[PDB]
């Protein structure tokens, strides 16, 4: 019963557990939960179709989910199908997982989903993308949607470490630490200096001197971390989601100085909030907080990082933001949720908003 991976989208939440079990909950009416029907589930619900497929990761886009198995060399997807986001060669919704034929046999390193597009990194550092491409977020050269995966040629030669997908933009880091951005850019969230879209990856030259190790994306903002553990945000800060103690927008990465003492080892981007996990198990939240999603016990927005408190200060080992809610796994193998819960995405049975971490009993040691 070790909770291994957590992911969250617009109104649903999925989890991989030890023993080869996927759980999903939240909004089900577009098929995002993968149980063969369109019913919402306010408690974690085992996804029987994936029992024993030896899944190793799960990732949510806004209204779909993607899973993959390394031993089976098989990627699966389900949920809302419009614009090709499920990658099956059509735009049909799917209420049960189905393998993406195009990726069978591919050795997958990582998958990232946005509102309507996805990206796979292979173990050899190439990247394929599919889904909505209206603002160039597939990174392939134009604004034509792709219902199946196509390789990003611009990265020929370059080995990609990690990708992240926001609403309509994309970001990536190479093995060498270069930082890239493409897609919708109106809000500066690509890090390039301007407000113009890019149809292929363009390299972020202004990285504060530093090689970058990870990336993460919200609706209109981007987060990046450097090899030294320093955190950088860029894009829209109307709700404080850039975390700099103001509401200024930034068109290039901007170091978050209040955290410059800490080593960030994991970042996540919600719609208009941000989560940063330090190497020592402290979870800092900020941004939009109308539904409680920052986890600091009130419903006031936060333009500076605030620590999310857990019982007996047990340390957080993993965090994932949905649009309007947050999920975290602790070292005491507990799972906590907070933010908007009106669709069951918190997984606590009763569908109500919570503004500080509340344990998910179906998945946690404690209660």
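Residue numbers count along the first chain shown, from 1.
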- Got a sec? Mean C-alpha B-factor, which is higher, 204 to 212 or 136 to 144? 204 to 212
- Item | Between the two ranges 225 to 233 and 269 to 277, the one averaging a larger CA B factor in the entry | 225 to 233
- Message: For the CA B factor values reported in this entry, which option in 73, 242, 294, 251 has the top one?
- Response: 73
- Query: In the PDB entry, which of 167, 112, 256, 173 has its C-alpha at the highest B-factor?
  - Reply: 173
- residue 10: CA temperature factor from the record, placed by chain third, in the lowest
- Select lowest, middle or highest to describe the third in which the CA B-factor of residue 90 falls within its chain in this entry. middle
- Item | Within-chain third of residue 309 by Cα B-factor, per the entry | highest
- Within this chain, which third does the Cα B-factor at residue 315 fall in: lowest, middle or highest? highest
- Item | residue 53 - which third its CA temperature factor falls in, relative to the rest of the chain | highest
